[PDB]
There are 2 protein chains.
Amino acid sequence: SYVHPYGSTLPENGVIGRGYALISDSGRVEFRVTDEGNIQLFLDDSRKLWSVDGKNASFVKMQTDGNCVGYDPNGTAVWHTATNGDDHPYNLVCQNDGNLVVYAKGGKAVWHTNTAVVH
Amino acid sequence: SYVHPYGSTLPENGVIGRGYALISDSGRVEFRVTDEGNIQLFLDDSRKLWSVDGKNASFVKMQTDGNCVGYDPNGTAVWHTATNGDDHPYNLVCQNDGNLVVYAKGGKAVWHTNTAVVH
């Protein structure tokens, strides 16, 4: 299973490493960094909604520059939401609807997985 | 070894989990959360300067409330710097001198391991 140090939301400077995850309020939606080096968004611990697989991911960081970035153990990027901007603070939210969303200051959704499968 | 997602410093909302660490600029001083559930400050990967052992620690978080807190996998606290206050932002710094320090806004050192063994 996965430890949850942040509830549903990765704030600025937040990092999740292997064996850690975001978890929606409902408990159904989980955004995981796996021991196998994959970044995966799961519904009901059984349906893979979205993922970045096979890239040796070590951790995901919601950065102060607004970019949410997955890194390998050596600090090379393996994934970016490419949301960098000046609308701080930014947050990465694992929602009950299944969507994983980067929100900017003022509530603007600036990136999504587009996986809102639970209406 | 330990992955370093933060350099030497755990900022507000920063978390290090098992297998992750802070690392001093010099590379000599490392603040680790271990697979064995221990929180340990090491010099030259050989001398244990300070630790919280045997408490099943899962992660350490530098919180927005100013407290730096170690937690087990279920979210029960196992260690606190007890530095909570309103002088944000707070940072936990793993220094070259061997000291691990909580700094408040304005540079005031509000907690230390008192392990500045490298003058």
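Order of the sequence lines fixes the chain letters, A, B, ..., with proteins taken first and strands second; residue numbering starts at 1 for each chain. Just so you know, these numbers use all the heavy atoms, side chains as well, and skip hydrogens, waters and symmetry mates.
Within 6.0 Å of the CG atom in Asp86(A), the count of heavy atoms belonging to other residues, nucleotides or ligands does not exceed 12.
When all heavy atoms are compared, the tightest approach of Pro5(B) to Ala21(B) is CD-O, 3.9 Å. The two atoms that bring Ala77(B) and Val69(B) nearest to each other are CB-CG1, 3.7 Å, heavy atoms only. The shortest heavy-atom contact between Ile39(B) and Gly70(B) is CD1-CA, 4.3 Å. Closest approach of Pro11(B) and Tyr6(B) over heavy atoms only: CD-CD2, 3.5 Å. Listed here is the closest heavy atom pair of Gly19(B) and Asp35(B): N-OD1, 4.0 Å.
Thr83(A) contributes atom OG1, which lies 12.5 Å from atom NZ of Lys108(A) (distance to the nearest 0.5 angstrom). We find the SG-CG distance between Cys94(B) and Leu41(B) to be 5.5 Å, quoted to the nearest 0.5 Å. Note that the OG1 atom of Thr34(B) and the CD atom of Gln40(B) stand 5.0 Å from one another [nearest 0.5 Å]. For the atom pair CG of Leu10(B) and CD of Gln63(B), the computed distance is 10.5 Å after rounding to the nearest 0.5 Å. Between atom NZ of residue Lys61(A) and atom CG of residue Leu92(A) there is a gap of 14.5 Å, rounded to the nearest 0.5 Å.
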**Q.** Derivation and outcome, side-chain contact (heavy atoms from CB on, under 4.5 Å), residues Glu30(A) and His4(A)
**A.** CA-CA 9 Å; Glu30(A) 190 173 46; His4(A) 300 131; 2.6 Å; yes
Q: Decide side-chain contact (heavy atoms from CB on, under 4.5 Å) for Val29(A) and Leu100(A); before the verdict, give the C-alpha distance in whole Å, the side-chain angles of both, and the deciding distance to 0.1 Å.
A: CA-CA 9 Å; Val29(A) 188; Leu100(A) 182 72; over 6 Å; no
Q) Going through the distances and angles, do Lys55(A) and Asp72(A) end up as a side-chain contact (heavy atoms from CB on, under 4.5 Å)? A) CA-CA 7 Å; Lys55(A) 305 196 180 198; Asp72(A) 81 354; over 6 Å; no
(Q) For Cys68(A) and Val60(A): C-alpha separation, side-chain torsions, deciding distance, then whether side-chain contact (heavy atoms from CB on, under 4.5 Å) applies. (A) CA-CA 7 Å; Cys68(A) 180; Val60(A) 166; 3.7 Å; yes
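Judged by distance alone, the side chain of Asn56(B) and the main-chain N or O of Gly37(B) form no donor-acceptor pair under 3.5 Å. Between the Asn38(B) side chain and the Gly54(B) main chain, a donor and an acceptor come within less than 3.5 Å of each other. Of the possible polar contacts, one joining the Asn96(A) side chain to the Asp25(A) backbone as a donor-acceptor pair under 3.5 Å is found. With hydrogens and angles disregarded, a donor-acceptor distance shorter than 3.5 Å links the side chain of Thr115(A) to the backbone of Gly98(A). For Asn99(A) (side chain) and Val101(A) (main-chain N/O), no donor-acceptor pair under 3.5 Å exists by modelled atom type. No donor-acceptor pair closer than 3.5 Å links the side chain of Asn13(A) to the backbone N or O of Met62(A). In this structure, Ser58(A) contributes its side chain and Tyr71(A) its backbone to no donor-acceptor pair below 3.5 Å.
Aromatic pair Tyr20(B)/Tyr2(B): ring centres not closer than 6.0 Å. The ring of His88(A) has its center closer than 6.0 angstrom to the ring center of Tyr90(A).
Cation-pi geometry between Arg32(A) and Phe42(A) is met: the NZ or CZ atom falls under 6.0 Å from the ring centre, inside 45° of the normal.
Residues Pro89(A) and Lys105(A) are in side-chain contact: their nearest non-hydrogen atoms beyond the backbone lie under 4.5 Å apart. For the pair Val117(B) and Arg47(B), the minimum side-chain heavy-atom distance is below 4.5 Å.
Taking the six-membered ring where the residue is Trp, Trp50(B) and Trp111(B) present perpendicular rings, their angle passing 60° and hence far from 30°.
Side-chain contact check for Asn74(A) and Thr76(A): no donor-acceptor pair (N or O, by modelled atom type) lies under 3.5 Å. For the residue pair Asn91(A) / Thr9(A), no side-chain donor-acceptor distance below 3.5 Å is found, with atom types taken as modelled.
By the criterion of side-chain heavy atoms lying less than 4.5 angstrom apart, applied directly or through intervening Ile, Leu, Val, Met, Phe, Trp or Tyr residues, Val118(B) is not grouped with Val93(B); the two fall into different hydrophobic clusters. Residues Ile23(B) and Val15(B) do not share a hydrophobic cluster, defined by chaining ILVMFWY side chains whose heavy atoms lie under 4.5 Å apart. In the hydrophobic cluster analysis, where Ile, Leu, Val, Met, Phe, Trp and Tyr join through side-chain heavy atoms closer than 4.5 angstrom, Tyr103(A) is grouped apart from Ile16(A).
Using a 4.0 Å cut-off between charged nitrogen and carboxylate oxygen, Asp44(A) and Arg28(A) count as a salt-bridge pair.
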